[PDB]
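Quick setup: one chain, the form deposited in one PDB entry, written in structure tokens, and binding and motion questions come after.
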């Protein structure tokens, strides 16, 4: 039985299913200091969260890293590729769930539904009367999707049914769709009043949503981030909200989770979520299955199910 390392916390379904083919090796944190000599025969890793290079490089027989999540920025895929290690992620099985969350977050941001529920639950409906009217609405908005991949397209399909205009920005256009392409992010931001962020966290997207993009978005502007916190210049966002440069924001992800700047907590026009876009039992069960099924496919057939683009590898044993 190949030996699979699981560092730190992971969905119990992964742990439950690894014994179908594997011996499991557990360490308490993703930390190379916890690796003992008896673990040097480990052939695979299943991981949720960051995988530091020193931990990855502690295993000379490592063949595969199975990442829990579609984003795999916590894995140094360049180093994995240089070592001939395949990296797998969990695309597709979470696409519709994340797109649902994005829409919920957008509606909560615009219509203040969480605050309205608080008003009721605190007894204010009885004592004070109606919750104040929301200054914003989805009606009449124009939405720009930064990213139009698996998840961005699913978000766009939803938004088509809400009667809003849709535009998008990607490095390469996706022709065949009826959406307006913008070759620059700032150009799209100028044209739209609602910006949805759903790109990976890479060097090319680092602080792409900056002061210039937020200024272009404009005074009716609403920012929704369901991608990675790294993509938004978080200090610039706080400034834009403070000054009324933009009208609101809804964020599922942040620069340094679980820490959220105190200033972001003060704004009554901001909705905040603790990175919950895929966080249902059914979707996390599906993600768990795909982590395990990648490992099973690799060790049984030599072909993973969902290798990442950077590692189109086949097993050599």
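Residue numbers count along the first chain shown, from 1. Take the two forms, find the largest set of C-alpha atoms that superpose within 1.5 Å, and that set is the rigid core.
Although not depicted, the form deposited in another entry is the subject of the following passage.
(message) Once the rigid core is superposed, exactly one of 279, 35, 272, 260 has its CA displaced by 2 Å or more between the shown form and the other one; which residue is that?
(response) Going through each option, the one that shifts is 35.
(message) Given a superposition on the rigid core, I'd like a yes or no on whether residue 228 shifts its C-alpha by 2 Å or more between the shown form and the other one.
(response) Moves: yes, 2 Å or greater.
(message) Thinking of the 3 angstroms or more shift, are the C-alphas of residue 33 and residue 259 brought closer or pushed farther apart in that other deposited form than in this view?
(response) Compared with this form, residue 33 and residue 259 lie farther apart in that other deposited form.
(message) If the C-alpha spacing of residue 229 and residue 266 moves by 3 Å or more in that other deposited form, is that a move closer or farther apart?
(response) It is farther: the C-alpha separation of residue 229 and residue 266 rises by at least 3 Å in that other deposited form.
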